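Take a look at the structure set out below.
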Amino acid sequence: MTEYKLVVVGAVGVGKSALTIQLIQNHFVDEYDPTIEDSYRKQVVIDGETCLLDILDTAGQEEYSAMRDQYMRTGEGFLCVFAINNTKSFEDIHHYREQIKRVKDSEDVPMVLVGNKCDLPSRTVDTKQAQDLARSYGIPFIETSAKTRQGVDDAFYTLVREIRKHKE
Ligand SMILES: Nc1nc2c(ncn2[C@@H]2O[C@H](COP(=O)(O)OP(=O)(O)O)[C@@H](O)[C@H]2O)c(=O)[nH]1
Ligand SMILES: [Mg+2]
């Protein structure tokens, strides 16, 4: 069976953990310690293909984790998450993409730009802004809400589709 190794990155508070838990466990977590980094696995069917997802929910801590290092080394695609009501988190995206490029020594890493918390009306990062930054990176942009579970499977599945392209 096919496995896809995914890594979720972005500034604190954007909803990395909430997005991963909605994907895995199908509920919206009210709070999840911002410092906790763990990996999650699930068997899913994407486009009729039964597969295993293996996901790292990063937390940007300093202590050595071999696991973290192994996911950055062998991880096949990356979700780069900002929140649509947090301009600073959008300004921070580029730093994360650049880290990822350096780990892979490649400009061509499967990636999706995720604009989360789209349930919220106070949107300071507009669709066009995000769509334009993604077009500059040559990656997809997907709007999500871990709260309403809007776009959640689309974001992760899209990243799998980007991995399938790279593999060919
Ligand atoms: N309104 C709303 N709140 C969210 C959404 N995603 C996460 N949050 C909340 O924002 C806070 C930070 O989320 P978290 O997943 O801990 O972010 P992380 O630091 O990126 O892991 C939590 O209290 C979440 O419940 C969402 O899509 N909409
Ligand atoms: Mg978290």
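Throughout, numbering of the chain's residues begins at 1 and tracks the sequence. Below, all heavy atoms of this structure are taken into account, side chains as well, without hydrogens, waters or symmetry copies.
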### Query
Would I93 and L133 satisfy side chain to side chain contact (heavy atoms under 4.5 Å, CB included), going step by step from the backbone distance to the final call?
CA-CA 10 Å; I93 281 287; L133 170 64; 4.1 Å; yes
### Query
Is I46 close to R164 at the side-chain level, that is, under 4.5 Å between some pair of heavy atoms?
yes
### Message
How close do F141 and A134 get, counting heavy atoms only, and between which atoms?
### Response
CB-CB, 3.9 Å
### Query
Is it the case that one hydrophobic cluster holds both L52 and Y40, taking links as side-chain heavy atoms less than 4.5 Å apart, direct or via other members?
no
### Query
What's the shortest heavy-atom distance between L159 and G77, and which atoms?
CD2-C, 3.6 Å
### Query
How about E31: does its CD atom have over 12 heavy atoms from other parts shown lying under 6.0 Å from it?
no
### Query
Do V112 and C80 pass the side chain to side chain contact (heavy atoms under 4.5 Å, CB included) test, and can you show the C-alpha distance, the side-chain angles, and the key distance before you say yes or no?
CA-CA 6 Å; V112 175; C80 294; over 6 Å; no
#### Entry: Set of residues satisfying ring-ring contact (aromatic ring centres under 6.0 Å, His included) with respect to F82, sequence neighbours excluded
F90
### Query
Do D69 and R73 meet the salt-bridge criterion of a basic N to acidic O distance under 4.0 Å?
no
### Task
Measure the OG-CD1 distance between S39 and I55 for me, rounded to the nearest 0.5 Å.
9.5 Å
### Task
Decide side-chain hydrogen bond (donor to acceptor under 3.5 Å, both in side chains) for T144 and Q150; before the verdict, give the C-alpha distance in whole Å, the side-chain angles of both, and the deciding distance to 0.1 Å.
CA-CA 5 Å; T144 66; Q150 172 179 340; over 6 Å; no
### Query
Would the number of heavy atoms belonging to other residues, nucleotides or ligands and lying under 6.0 Å from NZ of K88 be above 12?
no
### Query
Could you give the distance from CG (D119) to OG1 (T148), rounded to the nearest 0.5 Å?
5.5 Å
### Task
Keeping the roles fixed (side chain from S145, backbone from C118), state whether a donor-acceptor pair exists under 3.5 Å.
no
### Query
Backbone N or O of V125 within a donor-acceptor pair of the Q129 side chain at under 3.5 Å?
no
### Query
How far apart are the closest heavy atoms of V14 and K117, and which atoms are they?
O-CE, 3.5 Å
### Task
Go through the steps for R135 and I139 under the test side chain to side chain contact (heavy atoms under 4.5 Å, CB included), then give the verdict.
CA-CA 6 Å; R135 194 171 79 248; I139 63 180; over 6 Å; no
### Task
With rounding to the nearest 0.5 Å, note down the distance linking CD1 in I100 to CE in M111.
3.5 Å
### Query
Does a side chain donor of either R102 or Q99 reach within less than 3.5 Å of an acceptor in the other side chain?
no
### Task
Verify the cluster assignment for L6 and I36: are they in a single hydrophobic cluster under the rule of side-chain heavy atoms below 4.5 Å apart?
yes
### Task
Let me see the working for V109 and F78 under side chain to side chain contact (heavy atoms under 4.5 Å, CB included), right down to the final yes or no.
CA-CA 8 Å; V109 180; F78 298 75; 3.7 Å; yes
### Task
State, with a plain yes or no, whether a side-chain heavy atom of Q70 is found less than 4.5 Å away from one of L56.
no
### Query
Do the side chains of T50 and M1 get nearer than 4.5 Å, heavy atoms only?
yes
### Task
State whether a side-chain donor-acceptor pair under 3.5 Å links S106 with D108.
no
#### Entry: Minimal non-hydrogen separation, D57 against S17, with atom names
OD2-OG, 2.6 Å
Review item, side-chain donor-acceptor pairs of residues 19-27, under 3.5 Å, at least two apart:
residue: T20; atom: OG1; partner: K16; partner atom: O; Å: 2.9
residue: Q22; atom: OE1; partner: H27; partner atom: N; Å: 3.2
residue: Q22; atom: OE1; partner: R149; partner atom: NE; Å: 3.1
residue: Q22; atom: NE2; partner: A146; partner atom: O; Å: 2.8
residue: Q25; atom: OE1; partner: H27; partner atom: NE2; Å: 2.5
residue: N26; atom: OD1; partner: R149; partner atom: NE; Å: 3.4
residue: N26; atom: OD1; partner: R149; partner atom: NH2; Å: 3.1

### Message
Name the residue from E162, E49, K167 that meets the side-chain hydrogen bond (donor to acceptor under 3.5 Å, both in side chains) definition with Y4.
### Response
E49
### Query
Strictly by modelled atom types, are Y71 and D54 linked by a side-chain donor-acceptor pair under 3.5 Å?
yes
### Query
Does atom CG of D33 have more than 12 heavy-atom neighbours from other groups under 6.0 Å away?
yes
### Query
Got a donor-acceptor contact below 3.5 angstrom from the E37 side chain to the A59 backbone?
yes
### Task
Compare all side-chain heavy atoms of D47 with those of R161 and state whether any distance is below 4.5 angstrom.
yes
### Query
Are any non-hydrogen side-chain atoms of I84 and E143 less than 4.5 angstrom apart?
no
### Within one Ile-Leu-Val-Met-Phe-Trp-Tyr cluster: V12 and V81, side-chain cutoff 4.5 Å
no
### Pairwise distance CD(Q131) to CG(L113) - rounded to 0.5 angstrom
10.0 Å
### Query
Roughly how far apart are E76 CD and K104 NZ, rounded to 0.5 Å?
8.0 Å
### Message
Strictly distance-based, threshold 3.5 Å: is any side-chain N or O of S89 a donor or acceptor partner for the main-chain N or O of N86?
### Response
yes
### Task
For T124 and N85, run side-chain hydrogen bond (donor to acceptor under 3.5 Å, both in side chains): C-alpha distance rounded to whole Å, both residues' side-chain angles, the deciding distance at 0.1 Å, then the answer.
CA-CA 5 Å; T124 55; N85 66 336; over 6 Å; no
### Query
Taking all non-hydrogen atoms of both residues, which atom of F28 and which atom of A18 are closest, and how far apart?
CE1-CB, 4.2 Å
### Summary
CD1 (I163) and OG1 (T2) are apart, to the nearest 0.5 Å, by 11.5 Å
